[PDB]
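Cβ: placed from backbone, ideal geometry, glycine included. Neighbour counts: every protein chain shown. Each answer follows from the model by the rule given with it, or from the source it names; no laboratory read-out is quoted.
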Amino acid sequence: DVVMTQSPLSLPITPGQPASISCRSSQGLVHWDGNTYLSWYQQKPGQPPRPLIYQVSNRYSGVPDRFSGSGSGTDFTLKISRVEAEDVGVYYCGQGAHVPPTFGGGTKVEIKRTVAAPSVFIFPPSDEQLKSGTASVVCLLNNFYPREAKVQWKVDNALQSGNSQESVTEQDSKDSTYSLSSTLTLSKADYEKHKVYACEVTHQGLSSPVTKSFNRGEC
Amino acid sequence: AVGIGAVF
Amino acid sequence: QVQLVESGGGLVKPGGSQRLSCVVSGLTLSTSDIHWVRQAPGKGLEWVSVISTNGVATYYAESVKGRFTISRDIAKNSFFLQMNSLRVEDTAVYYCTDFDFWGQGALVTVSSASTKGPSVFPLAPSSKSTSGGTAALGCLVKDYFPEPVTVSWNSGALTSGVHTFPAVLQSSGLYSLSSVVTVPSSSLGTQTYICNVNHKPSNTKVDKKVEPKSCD
């Protein structure tokens with residue numbers, strides 16, 4: 001099988017700046033029909049691969065001309081002359097000259113932007129969930145950059161450990177920010193045992209941590 | 001297809 | 001136009017079978033072989049199988065030989081991947097493709113766990129979910145299996161400011177996710193906000209109105 005080696009694995013880049021991705025094959029990629037089948041694909045989260053380049057250097061229809069492919073033999077390059085925020089995603093090379101068709105491991109293109117502090121919101125458990133028998137407290141950190149953020153849960157001002165889970169969106173295609181959801185999960189009995197529920201957020205964009213909190217049974 | 005060659 | 005429409009994905013026990021289908025429209029099937037290519041969650045692309053334009057030559061990835069069989073019904077422009085003796089490591093989104101064009105994908109989950117539909121709870125906008133002149137609201141989709149669930153807002157009419165988070169696998173072995181949206185706080189009380197949640201594996205469809213609360 002043809003081994004496809006892609007480099008770099010991660011490519012953070014400011015819009016307007018150029019990017020270059022290397023793909024190296026372990027064999028030549030010339031098919032019996034005489035063509036060289038090296039392709040490049042763009043993939044956004046939850047979407048199939050979008051073919052960008054076929055046969056080394058040819059753009060598929062509608063692909064912007066800031067994407068270009070070059071190379072020969074076993075050495076190939078995808079260049080983005082000036083990256084746009086909408087280019088965020090994972091890029092793959094692939095060969096179609098030998099069975100099995102094989103792909104590179106992917107290059108994650110991440111967009112750099114100015115620091116943006118999260119907006120922080122907190123949601124008590126709903127009455128319906130409380131009727132159900134458990135309590136989920138949700139803390140939302142909205143539209144921030146860079147991706148690193150720290151969330152700490154406090155119950156009656158006691159730091160919590162091991163009872164929360166986090167999820168981060170992929171980088172937004174328009175404003176290049178991230179958002180984060182943190183859920184603290186308690187039994188309903190434990191939830192009713194305490195009063196103050198707090199989500200404390202630290203992030204490069206905040207000169208001091210931001211805490212959002214509520215009192216159970218209170219306004 | 002233009003992206004891949006025929007198989008045999 | 002070219003479309004490759006897939007169907008047949010879902011949850012299977014280890015050792016079970018699934019049949020994926022791919023209906024091709026707008027593509028000249030005499031000059032494009034049809035392939036199956038899969039992608040495990042968080043991983044890259046791995047070619048699975050091919051059937052030739054002549055309808056006879058087929059090939060398979062070593063990891064699926066003897067277990068998967070590709071076929072076609074050219075009269076209905078349809079292509080099939082019969083997946084037998086499935087293994088947890090076969091869990092992936094499967095694409096039918098001719099490499100120029102790619103289907104939307106079909107998620108096949110191989111697990112010993114059972115299907116479970118989600119509960120859907122509102123994340124009501126309140127004082128503690130307000131920042132300046134904007135409010136956040138959402139829906140919590142809790143305790144389901146397997147992936148995926150889809151969430152839209154106002155039947156898809158509301159897209160600006162929506163964030164639907166990747167599901168987290170809880171210690172219970174069940175997934176939970178949230179979908180949120182930020183809106184002008186002056187719109188609360190005149191604009192109705194409804195989250196449309198679908199979990200097809202369990203036949204769950206919920207439309208939850210998320211109403212503002214001065215106090216919770």
- Can you name the residue in segment A:135-159 that is more than 20 Å from the chain's Cα centre (by Cα) and surrounded by fewer than 17 Cβ atoms within 10 Å (Cβ to Cβ) and, of all such residues, is nearest to C:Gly132 (Cα to Cα)? A:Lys154
- Message: For segment C:92-99, check the following and say yes or no: at least one residue is within 14 Å of chain B (Cβ to nearest Cβ) and among the hydroxyl-bearing types (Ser, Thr, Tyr).
- Response: yes
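Could you please let me know if C:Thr182 is surrounded by fewer than 23 Cβ atoms within 10 Å (Cβ to Cβ), over 15 Å from the mean Cα position of the chain (by Cα) and either hydroxyl-bearing (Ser, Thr, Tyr) or not assigned by CATH to the domain that holds C:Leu11 (or both)?
Taking the combined requirement at face value, the residue does not satisfy it.
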- Item | segment C:168-179 - residue that is among the small types (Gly, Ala, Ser) and touching a residue at least 24 places away in the same chain (Cβ under 8 Å) and, of those, surrounded by the fewest Cβ atoms within 10 Å (Cβ to Cβ) | C:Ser172
- Message: Of everything in segment C:185-216, what is part of a loop (DSSP other than H, G, I, E, B) and either more than 30 Å from C:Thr109 (Cα to Cα) or touching a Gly at 6+ places or on another chain (Cβ under 6 Å) (or both)? Give them in sequence order.
- Response: C:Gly189, C:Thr190, C:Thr192, C:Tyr193, C:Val210, C:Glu211, C:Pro212, C:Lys213, C:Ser214, C:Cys215, C:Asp216
- Output the residues belonging to segment A:21-53 that are among the charged types (D, E, K, R), without any contact (Cβ under 8 Å) to a residue 40 or more places away in the chain and not in a strand (DSSP E or B). A:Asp33
- Item | Filter result (within 30 Å of A:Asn215 (Cα to Cα) and either free of Cβ contacts under 8 Å to residues at least 12 places away in the same chain or among the β-branched types (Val, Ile, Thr) (or both)) within segment A:75-131 | A:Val120, A:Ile122, A:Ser126, A:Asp127, A:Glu128, A:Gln129, A:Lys131
- Selected residue (criterion: nearest to C:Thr182 (Cα to Cα)) from residues of segment A:180-197 that are free of Cβ contacts under 8 Å to residues at least 60 places away in the same chain and assigned to a strand (DSSP E or B): A:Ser181
- Message: For segment A:35-54, check the following and say yes or no: at least one residue is more than 14 Å from every other protein chain (Cβ to nearest Cβ), out of contact with any helix residue (DSSP H, G or I) (no Cβ under 8 Å at 6 or more places or on another chain) and not aliphatic (A, V, I, L, M).
- Response: no
- Condition met for A:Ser167 (part of a loop (DSSP other than H, G, I, E, B), over 16 Å from A:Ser213 (Cα atoms) and not charged (D, E, K, R)): no
- Note on the structure: The number of residues in segment C:193-204 that are surrounded by 12 or more Cβ atoms within 10 Å (Cβ to Cβ) and farther than 28 Å from A:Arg216 by Cβ is 7
